[PDB]
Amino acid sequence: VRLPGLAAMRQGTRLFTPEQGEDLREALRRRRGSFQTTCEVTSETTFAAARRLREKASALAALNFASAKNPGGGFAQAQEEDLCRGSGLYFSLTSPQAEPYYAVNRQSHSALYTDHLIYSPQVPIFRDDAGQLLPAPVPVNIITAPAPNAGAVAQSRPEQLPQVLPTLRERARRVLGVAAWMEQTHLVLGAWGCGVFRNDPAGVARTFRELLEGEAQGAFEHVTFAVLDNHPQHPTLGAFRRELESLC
């Protein structure tokens, strides 16, 4: 039997095309300065921070560290795979209205990818990190967007190297712009493409904080950076702790 909430979420899945970029900027403009934004940095999984926040959250959204080319990246240790094995996210990402995001990214033939985003609303979370069922499913909105593949740019098209950071900065701006357009109050962010995509975890942490300090200042109630780091040296998490300290 089909799981509860899957059909409503798949039916409501929506694509933001790159020609909507100024619609998303204006939504950020219009929402600037609405609250006192509290921003933590934690050790939890994206979905752990989600299930924590949901009882305080009018409008909960979390960022999927997405593959540009096939839904779920084709599945092993990555965040998007965490989200799919424990939620109905995959049923949304394979929806018909989302096909253009995967189709155009493939035709792009560029490691920086395009500026399409997938908004999946009310995605049921069914399991915790240990993998056990949940009493009741807890729903979360998911913005899906690929960070530029810094690793593939360096190994395949170094000419685009100077474009990695601008690309990541404008794309992060559209992610917050989607969240503002959908009037979301609580954002679960993280180490967007600092694992398999090889981006510099210091760079994405400061790019986030720059926008949270400028264009997106006050735009959301509560931002949670849920950076999972199992490596003993803890360099990813330590980069977001270090870089987000002034803003909290």
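Between two forms, the rigid core is defined as the largest C-alpha subset superposing within 1.5 Å. In this text, residue numbers run from 1 along the sequence as written.
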Task: Greater Cα displacement in 4 other deposited structures of this protein once the core is superposed, comparing 230 to 238 with 5 to 13 - done: 230 to 238
Task: Rigid core superposition result in 4 other deposited structures of this protein, more deviant of 80 to 88, 124 to 132 by Cα - done: 80 to 88
Open item on the list: In terms of residues present in the deposited sequence but not modelled, what lies between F75 and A76: none, 1 to 3, 4 to 9, or 10 or more?
Closed with: 1 to 3
Open item on the list: Per the record, averaged over C-alpha atoms, which has the higher B-factor: 170 to 178 or 129 to 137?
Closed with: 129 to 137
- [ ] Look over 11 to 19 and 231 to 239 in the entry and identify the one with the greater average Cα temperature factor.
- [x] 231 to 239
Task: Per the PDB entry, maximal CA B factor within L189, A59, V196, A216 - done: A216
- [ ] Sort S67, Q184, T45, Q36 by C-alpha B-factor from the entry and give me just the highest.
- [x] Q36
Open item on the list: Using the temperature factors of the C-alpha atoms in this entry, rank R106 within its chain: lowest, middle or highest third.
Closed with: middle
Open item on the list: Please say which third, lowest, middle or highest, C84 falls into when its CA temperature factor is compared across its chain.
Closed with: middle
Open item on the list: Test of reading the entry: by CA B factor among the chain's modelled residues, which third contains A98?
Closed with: lowest
- [ ] Could you tell me which third, lowest, middle or highest, the C-alpha B-factor of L165 occupies within its chain?
- [x] highest
